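Q: My questions will all concern the structure given below.
Residue numbers (the authors' numbering): 5 to 254.
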């Protein structure tokens, strides 16, 4: 489209994370207001999800069954709400320090960027014991994404790079992005295109599947974009954190 639309959220303050489910519902962590909000496709009226006591919520993910996971960055925990639940559940992660991003795969496995500990942790579906993924050399990692094949992508925020780890691998690959300044969010689509919010450069970039060099997306007037999500139609949603808004691009 090359023409962005602003989503009709109201009263956002420094929105951080964004996720989109199969029905086109958009979930946003309204980080400055300690709340998570959602907008149904073609809806005009946002709903506030019944989380309690959040402290700078920073990442959000949503599975096929509509369960919502949120990184409660200030409380060193990850919380979830099942589709029809009014009580949040704290996941049995241990030792988290300022957790930032979260992603969930088709099997229900949850991946979290444990930002203050420079590591990525996972809770396999049906398991109560976390494992630490074998990334190396991370510095204050923020965004995380997982594709259909179980490959995990991480924005290595402090090192201005984006890395990936194939499932069951001891091999970390640095992706060929260029000139990144504080990459903070990452998304991958079913074709394997990777989208990254380049926060310090006020732009969003992508490495199209099969390409050796990045493209800058035709967004307009971004200020410190923070999070990115993609749906099955290729629509890109970005939390334009410094402008207290959420933008999308078909």
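Even for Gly, the Cβ is constructed at its ideal location relative to N, Cα and C.
Please state the DSSP three-state secondary structure of residue 238.
A: In the structure shown, residue 238 sits in coil (DSSP, three-state: anything other than H, G, I, E or B).
Q: In the structure shown, what three-state DSSP assignment does residue 70 receive?
A: In this structure, residue 70 counts as coil in the three-state DSSP scheme.
Q: Can you round the beta-carbon distance between residue 119 and residue 145 to whole angstroms, since I take them to be within the 8 Å contact cut?
A: Confirmed, about 6 Å.
Q: Do you know whose CA, among 185, 128 and 48, lies nearest residue 201's CA?
A: Nearest C-alpha to residue 201: 185.
Q: Buried or exposed: which applies to residue 187, given that a residue is buried once 16 or more other Cβ atoms fall within 10 Å of its Cβ?
A: It is buried - the Cβ of residue 187 has at least 16 other Cβ atoms within 10 Å.
Q: From residue 191 to residue 252, what distance separates their C-alpha atoms?
A: In a straight line, the C-alpha of residue 191 is about 14 Å away from that of residue 252.
Q: Can you tell me which residues form a DSSP beta bridge with residue 63?
A: Bridge partners of residue 63: 75.
Q: Buried or exposed: residue 177, going by 16 or more other Cβ atoms within 10 Å of its Cβ?
A: By the neighbour-count rule (16 or more Cβ atoms within 10 Å), residue 177 is not buried but exposed.
Q: Starting from residue 92, trace the beta strand (DSSP E) both ways and give me its first and last residue.
A: That residue, residue 92, is in no beta strand (DSSP E); it is neither H nor E in DSSP.
Q: Taking residue 2 as part of the beta strand (DSSP E), name the residues at either end of that continuous run.
A: The structure shown has nothing for residue 2, since the chain only spans 5 to 254.
Q: Could you give the residue range of the beta strand (DSSP E) that holds residue 21?
A: Its beta strand (DSSP E) spans residues 19-24.
Q: Among 28, 170, 33 and 181, whose alpha-carbon lies nearest the alpha-carbon of residue 14?
A: Per the Cα distances, 33.
Q: Going by Cα to Cα distance, which pick from 174, 233 and 203 is closest to residue 197?
A: The candidate whose alpha carbon is nearest that of residue 197 is 233.
Q: Could you pull the DSSP bridge partners for residue 176 from this structure?
A: 169.
Q: Between the C-alpha atoms of residue 89 and residue 111, what's the straight-line distance to the nearest angstrom?
A: The straight-line gap from Cα to Cα measures roughly 21 Å.
Q: Determine contact between the region 49-65 and the region 167-177, defined as no fewer than three beta-carbon pairs at a distance below 8 Å.
A: These segments do not touch.
Q: Just the C-alpha distance for residue 102 and residue 16, rounded to the nearest angstrom, thanks.
A: Approximately 22 Å, taken between the alpha carbons.
Q: Please tell me whether residue 114 and residue 95 are closer than 8 Å, where the distance is taken between their beta carbons.
A: Yes, the Cβ-Cβ distance between residue 114 and residue 95 is below 8 Å.
Q: Near residue 10, what residues of its chain come up, given a Cβ to Cβ distance below 6 Å and the 5 sequence neighbours on each side ignored?
A: Within the same chain, residue 10 has close Cβ partners 249 and 251.
Q: What's the call for residue 238, buried or exposed, on a 16-neighbour Cβ count within 10 Å?
A: It is exposed - the Cβ of residue 238 has fewer than 16 other Cβ atoms within 10 Å.
Q: For residue 118, write down the residues that DSSP places opposite it in a beta bridge.
A: Paired residues: 103 and 123.
Q: Ends of the beta strand (DSSP E) at residue 207?
A: Its beta strand (DSSP E) spans residues 207-211.
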